[PDB]
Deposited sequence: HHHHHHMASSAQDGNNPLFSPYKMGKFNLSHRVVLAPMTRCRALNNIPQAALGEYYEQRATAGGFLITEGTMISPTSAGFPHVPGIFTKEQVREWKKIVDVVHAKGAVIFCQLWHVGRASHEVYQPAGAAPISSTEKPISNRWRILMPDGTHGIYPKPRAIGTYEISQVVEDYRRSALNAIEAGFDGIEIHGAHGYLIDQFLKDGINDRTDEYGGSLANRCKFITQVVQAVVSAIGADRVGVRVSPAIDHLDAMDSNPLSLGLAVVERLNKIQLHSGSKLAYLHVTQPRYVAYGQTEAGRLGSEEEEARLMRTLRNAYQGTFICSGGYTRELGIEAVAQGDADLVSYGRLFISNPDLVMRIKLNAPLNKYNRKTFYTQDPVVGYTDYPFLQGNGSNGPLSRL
């Protein structure tokens, strides 16, 4: 079984290749990680396994979901340490994803009702709604375009959060630059319309993520830095006119950073869209084109590649066997299977997941109440 072969991610000896994909679960009450998260990650922790935490706030103005954990305060560092130690007791490697939602925020999630920040003043259209603390869905407000100085401050927020993650005991961090969030709002030409060095061309649109990656590498080392992007996903009105060229531009920039710094990044993480036969009301793409895009980016990048999005046991085995990726991270499957690692090894049946309990703030039901084999 290819998925259970030893792999060397730098200085880490992984026993298998299944990874817990970063998934927001909204269980960190008052933006503070709780004891529920520790048991949540321990259940999915295995000897030599690789885990990625949910999107974690880097600043008070980076939340777009209710009760998401932060790592930008001293108190949150202490709570994360008890979770990391619990995971490390199982002999697993865990990274913390740094997440800034950008314009995908709301007044209820911003301090003193401040306007969300983004690359431009264009908001998210009415096609998308934002989940509210009371369970309803609200309208995305108009963001405020940030200047050159404020951009350097957001990069500083990434640097400090990475330092806090290492202080919390994490083995590394993952930069969330996908799914139409703050970094992805600078990369996609459908959102980026600035007339300065951060927009107007393919090279300029990638300047924000380069400074984010360079600062965190300069703080904790490239070997403890991961990057996640998704040029083919138009979540929250983040379509690109040429996902192929945008992906290659990002991949080329990462290679330049590695050569300049003389070090290899931890990995590259890319999610892909997956399409099925939809009706007219449901509302979509070419699967072969998406598969080719993943192969092209993997070939261009120099280092470990991680694929995600719609992958299963059979799909993951083929990806590793054909060399399309080094690691596979699973999402919704890990929600319903705390022991998904051993279930894949034994080809055991997989428990179904409940979408109504992906979010919400119950420590037990839909979060850790699912049973093992």
Checklist entry - In sequence order, what intervals of the deposited sequence carry no C-alpha positions? => result 1-15, 299-300, 391-402
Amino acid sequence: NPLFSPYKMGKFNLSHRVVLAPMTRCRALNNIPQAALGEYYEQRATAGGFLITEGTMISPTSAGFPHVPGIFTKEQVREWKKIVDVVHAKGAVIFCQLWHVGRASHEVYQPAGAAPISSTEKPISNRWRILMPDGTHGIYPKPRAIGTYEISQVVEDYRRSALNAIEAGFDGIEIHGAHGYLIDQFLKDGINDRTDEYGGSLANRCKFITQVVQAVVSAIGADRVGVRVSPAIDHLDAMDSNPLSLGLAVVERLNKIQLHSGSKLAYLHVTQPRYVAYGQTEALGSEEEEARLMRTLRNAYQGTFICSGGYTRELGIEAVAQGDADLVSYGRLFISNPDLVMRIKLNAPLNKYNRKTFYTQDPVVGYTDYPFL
From here on, numbers count along this sequence of modelled residues.
Item to check | Mean C-alpha temperature factor, higher of 72-80 and 193-201 | outcome: 193-201
Checklist outcome for this item: Per the PDB entry, mean CA B-factor is higher for 51-59 or 315-323, namely for 315-323
Checklist outcome for this item: Among 308, 347, 304, 31, the highest C-alpha B-factor in the PDB entry belongs to 347
Checklist entry - Should residue 364 be placed in the lowest, middle or highest third of its chain by the C-alpha B factor in the entry? => result highest
Checklist entry - Within this chain, which third does the Cα B-factor at residue 334 fall in: lowest, middle or highest? => result middle
Next on the checklist: Using only modelled residues of the chain, where does the Cα B factor of residue 186 rank: lowest third, middle third or highest third?
Outcome noted: middle
Next on the checklist: Can you tell me whether residue 108 has a C-alpha B-factor in the lowest, middle or highest third compared with the other modelled residues of the same chain?
Outcome noted: middle
Checklist outcome for this item: For residue 67, the third of its chain by CA B-factor is the lowest
